[PDB]
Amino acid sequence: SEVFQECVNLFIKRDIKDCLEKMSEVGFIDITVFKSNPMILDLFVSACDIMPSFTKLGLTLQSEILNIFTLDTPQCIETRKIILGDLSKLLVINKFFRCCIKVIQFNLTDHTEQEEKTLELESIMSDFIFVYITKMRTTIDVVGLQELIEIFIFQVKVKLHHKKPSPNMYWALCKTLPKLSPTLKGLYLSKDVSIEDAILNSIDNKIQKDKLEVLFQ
């Protein structure tokens, strides 16, 4: 449609707030529309992933975004089934999780409620990780899987809990998901660099960044 093309054109120009406001104005931010038009959902998730947060937007747009990424709404449950159901598009699954994180991080004010939703997200994500490495064994998106685990560690365990990075976060996840380390050690981003190797290296770099970057400013 012409109106959908207008939204796409705003996205191409990185007028992301205007893109989302137009989607809201025309009624596209709606699970019923998402189910009937996969590319409308794809645009919505991609645009929301670029927004620093959802807090500076108009009230109507904000309420419609929150309905899609608040974990216990009917619309979020349905959207999650659609996005997590396409195991071939792991990078979009990762965008969706980042959008859920953005709601907890910036739209929630009560730390007790933030913790409550963070724990819910942890279960959703760890359950999905098991599904992915089981159902897509032999057909793993190595780069997407590295990104997924690093969202869990750096955005959820570190950022949402306000907790310093540690290799123990990786080993703890592997003890709850015993299939994980074998999978990640056997898949390679490059010669002699497994996903596990890369994640542990990322954790080490993040530790040094956390310790030193502000000192150097």
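Numbers follow the displayed sequence, beginning with 1.
Colleague: For the C-alpha atoms alone, is the average B factor greater in 101 to 109 or in 88 to 96, going by the entry?
Modeller: Stretch with the higher mean C-alpha B-factor: 101 to 109.
Colleague: Going by the mean C-alpha B-factor recorded in the entry, which is higher: 59 to 67 or 41 to 49?
Modeller: On average, C-alpha B-factors are higher across 59 to 67.
Colleague: So among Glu147, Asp141, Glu122, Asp72, who wins on Cα B-factor in the entry?
Modeller: Most elevated C-alpha B-factor of the set, per the entry: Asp72.
Colleague: Kindly indicate the residue among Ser181, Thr176, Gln155, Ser166 with the greatest C-alpha B-factor in the PDB record.
Modeller: Of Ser181, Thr176, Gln155, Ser166, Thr176 has the highest C-alpha B-factor.
Colleague: Within this chain, which third does the Cα B-factor at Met23 fall in: lowest, middle or highest?
Modeller: Top third by C-alpha B-factor.
Colleague: Rank-wise, by C-alpha B-factor, drop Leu215 into the lowest, middle or highest third of its chain.
Modeller: Highest third, going by the recorded CA B-factors of the chain.
Colleague: What third of its chain's C-alpha B-factors does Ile151 belong to: lowest, middle or highest?
Modeller: Bottom third by C-alpha B-factor.
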